[PDB]
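Student: Chains as they are written, first to last, in this note's numbering: chain A, 162 to 516; chain B, 162 to 516; chain C, 170 to 294; chain D, 170 to 294.
For each residue, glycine too, the CB sits at the ideal point set by N, CA and C.
Here it is, the structure, as C-alpha cells.
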Amino acid sequence: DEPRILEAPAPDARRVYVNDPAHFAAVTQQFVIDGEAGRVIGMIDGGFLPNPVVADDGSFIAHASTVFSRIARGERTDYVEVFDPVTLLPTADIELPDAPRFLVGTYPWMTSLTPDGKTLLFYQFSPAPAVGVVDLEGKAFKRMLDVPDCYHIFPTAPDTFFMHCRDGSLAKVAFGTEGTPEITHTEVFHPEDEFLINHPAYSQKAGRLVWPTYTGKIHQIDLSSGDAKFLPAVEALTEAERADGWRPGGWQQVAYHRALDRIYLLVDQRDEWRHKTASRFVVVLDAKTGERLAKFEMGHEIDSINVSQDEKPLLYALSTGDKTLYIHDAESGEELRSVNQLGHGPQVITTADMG
Amino acid sequence: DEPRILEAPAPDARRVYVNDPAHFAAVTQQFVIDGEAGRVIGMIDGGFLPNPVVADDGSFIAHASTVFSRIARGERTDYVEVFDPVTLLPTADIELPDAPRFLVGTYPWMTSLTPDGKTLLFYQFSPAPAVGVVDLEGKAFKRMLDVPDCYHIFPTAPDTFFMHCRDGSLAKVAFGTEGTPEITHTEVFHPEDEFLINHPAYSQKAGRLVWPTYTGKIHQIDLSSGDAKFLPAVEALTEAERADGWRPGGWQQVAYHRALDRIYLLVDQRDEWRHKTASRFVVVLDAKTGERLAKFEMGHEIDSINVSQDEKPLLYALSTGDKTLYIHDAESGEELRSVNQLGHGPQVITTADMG
Amino acid sequence: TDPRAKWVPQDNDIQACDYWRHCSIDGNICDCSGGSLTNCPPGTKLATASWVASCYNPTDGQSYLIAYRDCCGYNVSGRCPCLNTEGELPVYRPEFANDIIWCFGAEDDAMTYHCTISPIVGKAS
Amino acid sequence: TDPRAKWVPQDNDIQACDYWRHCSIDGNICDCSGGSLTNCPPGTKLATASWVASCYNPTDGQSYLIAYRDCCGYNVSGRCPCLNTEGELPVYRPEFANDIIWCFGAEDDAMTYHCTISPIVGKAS
C-alpha cells in the first residue's frame, strides 16, 4: 500500500471552479470540481477577497490575492499566483507593490485575462481609479494605467479593454506597452435610472457582454469588431410578471451560453430593494430574439449560476446558504447531482470556454 | 454620533477567554467575554493552533502563534505577541527562531508563564523535546532547554518548572544557571496502564496539579514546597457508576477552584474509547476528602469546563458543536446565560486567578 | 423570514438584522463583538470613508442618513451577520454601494473587515 | 448517532466516519478533497510521519495497523470531518496520539493540516 500525491484529471469542459469568499474572512478557498461526476478534485487556498481567473484554453488558472503579515494586520502584500491546472502547484508568484487591489465582494470582471492569456488586468479604486497590468509571461507587474471614473474590465484584445463609466458610456482603453493609454468613449447606452448589476456575463470568445438591470431588462453589447455595437434590448420578464413582483436577484444572476446563444437569468418574486437575496427560479431566453425558452423551478435558494460551454451544457446553481453546488441539466432544468460542504459562504462559479 | 474606538472594561475575576482552534484552520480567533454580562467585550486574532496565556494578575495576555507567508505554505514564522488587556493592542511581538513551536490540538499547559509574569515557556516536540525560554520583560527569545522525554510545563518559580515524563515520573527543571538545566525526577507516580489526560488543571497560585486518568481517578500533586508531594488518589466516580459505564470525556475535562478547594470533572456514560466526545454531566468533589458535593445535569453537550476563581464562582461550559459558552452558577449548577456564535470550533476556556 | 419580502424595521433590538439603522449594512454588527452601535471594538481601526443610506426610523416616523463606516484591521467577527440593501446601488455609484470594504482612512492603513457601525449623520427626506 | 456509544466499523462507504480504516483518524478524510483513501490531493505535501492504530476490518475478520499520515501545506479542507479515537493514548505516548499534526517529513517543510489518509502498514498481531 504506497501513498503518493495525486494529479487532477486534465481540464475539460465539465470542470467547474467555486470560490468561497467566506463572508469577508482573511483567508478563503477555491474548490475545483468535476461537474460530470460531482466530485471535488482539488482545492486552492487564497487570501482576502481574491479575484480568480481561468484561462479559456485550460492552460492555467490564477488569482490576484492579498495577505497580511499578522493574519489581518501588519504589512500588506498583494500578489498574483499562477497555478498548473493538473498539479495545482504555483508556477509564478508575482508581487504587486504598493497595495493596489480593490477590496470588494467578488466581482469576476474586476480582474481579467487578455485573449492571448499573456496579461492579467486588475482594477484599483483608490487613491484613484486605474488598471494594473501584469505580464504573466514575463512574470512581472508592468504598470498602472490611469482611467476615468469607470468600472469593470472586459478585454477584447492583447492591448485593449472596455470599462463601464458612471456616465453611462463604455470606455475603450487601448494600451500599448509604454505611454499613456488612448481612451475613447461610446455613446451613453443607459439612463441614470436604470441600474446595471455588478455581475454581467461576458463571453470573451464571442465578444458578447450581457448586462441586466435591476428589472430584468437586458442590454447586450457586441465587442467582436474591436468596437462596441449595441444590440437591441430584451426584457427577461413580461410586463405582467413585473406587475406581479418578478425581479432578478442574487449574486451571479446571469449566465450566457456562447454556442447556443442563450441567456440564463435568476429571478423570483421580491420587493425591489431585495436584489441580493437568493432566487428559486431561472428563466432561459434566446439571445437573438428575446424569446423565452423556459422557466425552471430550481427547488433551492440559489445565489449564483453559470453554465458549461459545451454542446449539451450543465447549469450550475450555487447556494451560499446551503454551501452547496447543485448541478442541473441546462436543457431540462432537472437536478442531476449536488456537491456540499463548499466552505463558509461560497459565491462565485467560474468555467472555461474550451471550445 | 461621534464614533470612536472603545476600550474594554478593566480585567476582573468574571472575564473569561474562549479560544477557537477552528478545527485546525490556518487562522484562528480568541473571544474575550464578560462572564457576568454574557457579553463579548473584544477579540484577538491568531495563527495556526496558537497557545494562549493570561497573567493571573490581569496585567496582560499573550499567545504563541504561527503564520505562513502564503496562508498555509511558504515561509513559517513562529512568534509571541503580548497584548494590553484593555486596549487589546499588541505591546510586543517576539519572533521565535527556527519555527520551534509544537503544533498540536490546543493543550493549555504546553505554553506557560512563570509566576512573576516575566518569562514565557513553550514546548517543542520535534526533532526532540525541548522547552523554549522567552523573556517577556526584555522582549526577546533567550534559548532552548533540552529536556528528557517529558511533556507539559508547570512553572513553580521564576526559574523552575515541572514536566510529566513518559516513564510515569515528574521531572523538575531548574534553569537560569545558564548552560544546562538541573533536571531531577520524582519517583514514578502512576503505572504504565493508567492514562493521564492531556488537559490537567493546574493552579499556579496554590501550587496544585489535579490530573485525572481515563477512568476518572484523580491524582493530586502539591508543588507549593517547590518540590513535588504526592497526595493519595481519589476516585471521582463510584464503583457503581464505573460498572455502569460512567467515565470522563471531552477536551478540558477538569477544573479546579482554588479558594474553595474543589474539583469539577466532566463525565457521562460512554464506551472506553470515546474519551474525546462531549459529556452532559459534571461531578463536583471536595479536594481534601474526595467527597462528592454534587452532580450537575448540564443540559447540553459540553466539551470543556473552567471556573472563575472568585468566591462565588461561575462554572463555564463550552460546547464545540453548538459553538456556545453556557455560563452556570458553580454552586447550584443552574444555567444563567449563554454566548453563541463563538467561531467555528471553540475548545479552550481560560480564566485569571486574581484573588 | 421570507428573505425576499420587503424589509420591515424595528427599534428594539440593535443586534438583530431588522434593526432600523441597519437598512443597508453588509457585514457584521459591531455591537456583537465588543463595539457598540456607533463605536468600534477595541483593537480595531475606524475608517473615515463610508457608504450611506437613508433609513426609516419607525419610532418617530422620520428617515435619517446613516454612514456605514467599517472597523478594520481584524478578521471578520463572524457574529451577527446581516446584509440589507435599502436604496443600495451598483458599484458605479459607489457612495451608495455596499459590497465595497469601507476601510479607507483607517489608521495603520488597516483594510481587513471586522464589523460595521451605524452612526447617524443627519436627517433625510 | 449516540456519539458516546462504542464505535462500529463498516466497509461500504469510505467517506463516512465509521469506515473501518478511520478508527483513529482526527481531521478530515482526504478522499473528500481530491485525494483518495491512501493518496494526498494534488497540491498538498505528503508527510512521512504518522500516528498508528489497529483497526478491525469487518469484511475479513482481521485487524490491521493503519498509519495515519497527513497531507500538509494547505488550509483544512473543511469536508468530511471525523474524530475517532480507538486505542488512542495521551500525548506522552506519541505513536498512538492523534491531536498532534503528523506532518513531519512533508516536502517544503509543510506543517499546516489539510487532511489525513488511512494506508495499511501491516497486520496487527
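With a threshold of 16 other CB atoms inside 10 Å of the CB of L476/A, please say whether the residue is buried or exposed.
Tutor: It counts as buried.
Student: Mind checking if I166/B is an interface residue toward chain C, Cβ cutoff 8 angstroms exclusive?
Tutor: By this cut-off, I166/B is an interface position.
Student: Can you give me the start and stop residues for the beta strand (DSSP E) that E343/B sits inside?
Tutor: Here the beta strand (DSSP E) through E343/B covers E343 to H346.
Student: Between the region 247-264 of chain A and chain B, which residues of the former have a C-beta closer than 9 angstroms to a C-beta of the latter?
Tutor: The residues in question are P251 and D254.
Student: Please state whether the Cβ-Cβ distance between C249/C and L215/C is less than 8 angstroms.
Tutor: Contact: no.
Student: Out of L454/B, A404/B and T272/B, which has the shortest C-alpha to C-alpha gap to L426/B?
Tutor: The shortest C-alpha separation from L426/B is found at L454/B.
Student: Taking DSSP's pairing of strands, which residues face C241/C in a bridge?
Tutor: Answer is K214/C and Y282/C, bridged to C241/C.
Student: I202/A versus chain D: which residues are under 7 angstroms apart at the beta carbon?
Tutor: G203, listed in chain order.
Student: Return the residue from the list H346/B, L281/B, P361/B and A253/B that minimises the CA-CA distance to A216/B.
Tutor: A216/B has its Cα closest to that of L281/B, out of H346/B, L281/B, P361/B and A253/B.
Student: Starting from the beta carbon of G504/B, find every residue of chain C whose beta carbon is closer than 7 angstroms, and list them in chain order.
Tutor: Ordered by position in chain C, the residues that pass the 7 angstroms Cβ test against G504/B are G247.
Student: Using three-state DSSP, classify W434/A as helix, strand or coil.
Tutor: In the structure shown, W434/A sits in coil (DSSP, three-state: anything other than H, G, I, E or B).
Student: Since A169/B meets chain C, which of its residues come closer than 8 angstroms, beta carbon to beta carbon?
Tutor: By Cβ distance, chain C contributes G203 and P211.
Student: Less than 6 angstroms between C-beta atoms, sequence neighbours within five positions excluded: which residues of the same chain meet that for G291/D?
Tutor: Counting only Cβ-Cβ distances below 6 angstroms, and skipping sequence neighbours, we find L234.
Student: Mind listing the chain C neighbours of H461/A? Cutoff is C-beta to C-beta under 8 angstroms, in chain order.
Tutor: In chain order: nothing, as chain C lies at least about 13 angstroms away.
Student: By Cβ distance, which residues of its chain are closer than 8 angstroms to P261/A, with the 5 residues on each side in sequence left out?
Tutor: Here the set comprises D239, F283, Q285, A291, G293 and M305.
Student: In angstroms, rounded to a whole number, what distance separates the CA positions of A332/B and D471/B?
Tutor: Their Cα atoms are separated by approximately 31 angstroms.
Student: What does the Cβ neighbour count give for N244/D, buried or exposed, with the cut at 16 atoms within 10 Å?
Tutor: So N244/D ends up on the buried side.
Student: If you compare alpha carbons, which of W270/B, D447/B and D354/B is closest to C311/B?
Tutor: Looking at the Cα atoms, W270/B is the closest of the given residues.
Student: Considering only C-alpha positions, which residue in the set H436/B, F391/B, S440/B and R327/B is nearest to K175/D?
Tutor: Comparing Cα positions, the closest option is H436/B.
Student: When you check each C-beta in the region 341-359 of chain A against every C-beta of chain C, which residues fall closer than 8 angstroms?
Tutor: Here the close residues are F356, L357, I358 and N359.
Student: Our contact map puts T321/B next to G377/B with C-beta atoms below 8 angstroms; I'd like the distance itself, whole angstroms only.
Tutor: Between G377/B and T321/B the Cβ distance is about 30 angstroms, and since that is not below 8 angstroms, they are no contact.
Student: Pick helix, strand or coil for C201/C, following the three-state DSSP scheme.
Tutor: Helix, per DSSP.
Student: If you drop the 5 nearest sequence neighbours on each side, which residues of the same chain put their C-beta closer than 7 angstroms to that of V371/B?
Tutor: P361, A362, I379, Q381, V415, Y417 and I424, listed in sequence order.
Student: Quick check on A513/B: buried or exposed, where buried means 16 or more other Cβ atoms within 10 Å of its Cβ?
Tutor: By the neighbour-count rule (16 or more Cβ atoms within 10 Å), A513/B is buried.
Student: Cα separation between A233/B and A187/B?
Tutor: C-alpha separation (whole angstroms): 6 angstroms.
Student: Could you tell me the distance, in whole angstroms, from the CA atom of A491/A to the CA atom of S465/A?
Tutor: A491/A and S465/A: Cα-Cα distance of roughly 14 angstroms.
Student: Residues of chain A with CB closer than 7 angstroms to the CB of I270/C, please, in chain order.
Tutor: Within chain A, the residues near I270/C are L264 and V265.
Student: Looking only at its chain, what residues have a beta carbon closer than 6 angstroms to the beta carbon of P316/A, apart from the 5 residues adjacent to it on each side?
Tutor: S273, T275 and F322.
Student: Looking at chain D, is there any beta carbon in it that lies within less than 8 angstroms of the beta carbon of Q414/A?
Tutor: No - not a single Cβ of chain D is within 8 angstroms of the one on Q414/A.
Student: For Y243/C, go through chain B and note every residue whose CB falls closer than 8 angstroms to its CB, in chain order.
Tutor: Near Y243/C (Cβ distances below 8 angstroms), the residues of chain B are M204 and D206.
Student: My parser needs the beta strand (DSSP E) runs of 3 or more residues fully inside the region 210-248 of chain B; what are they?
Tutor: Within the region 210-248 of chain B, the complete beta strand (DSSP E) runs of at least 3 residues are 212-215, 222-231 and 234-244.
Student: What residues in the region 305-330 of chain B have a beta carbon less than 9 angstroms from any beta carbon of chain C?
Tutor: Against chain C - using a Cβ distance shorter than 9 angstroms - the region 305-330 of chain B contributes no residues.
Student: Output yes if chain D places a C-beta closer than 8 angstroms to the C-beta of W407/B; else output no.
Tutor: Chain D, which has no Cβ nearer than 8 angstroms to the Cβ of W407/B, makes this no.
Student: Cutting at 7 angstroms between CB atoms, please list the residues of its own chain near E496/A, excluding the five before and the five after it.
Tutor: The answer, listed in chain order, is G460, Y487 and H489.
Student: Would you mind telling me which residues of chain A sit closer than 9 angstroms to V188/B, beta carbon to beta carbon, in chain order?
Tutor: What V188/B touches in chain A: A186, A187, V188, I232 and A233.
Student: Under 8 angstroms, Cβ to Cβ, is there at least one residue of chain B near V228/A?
Tutor: At least one chain B Cβ lies under 8 angstroms of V228/A.
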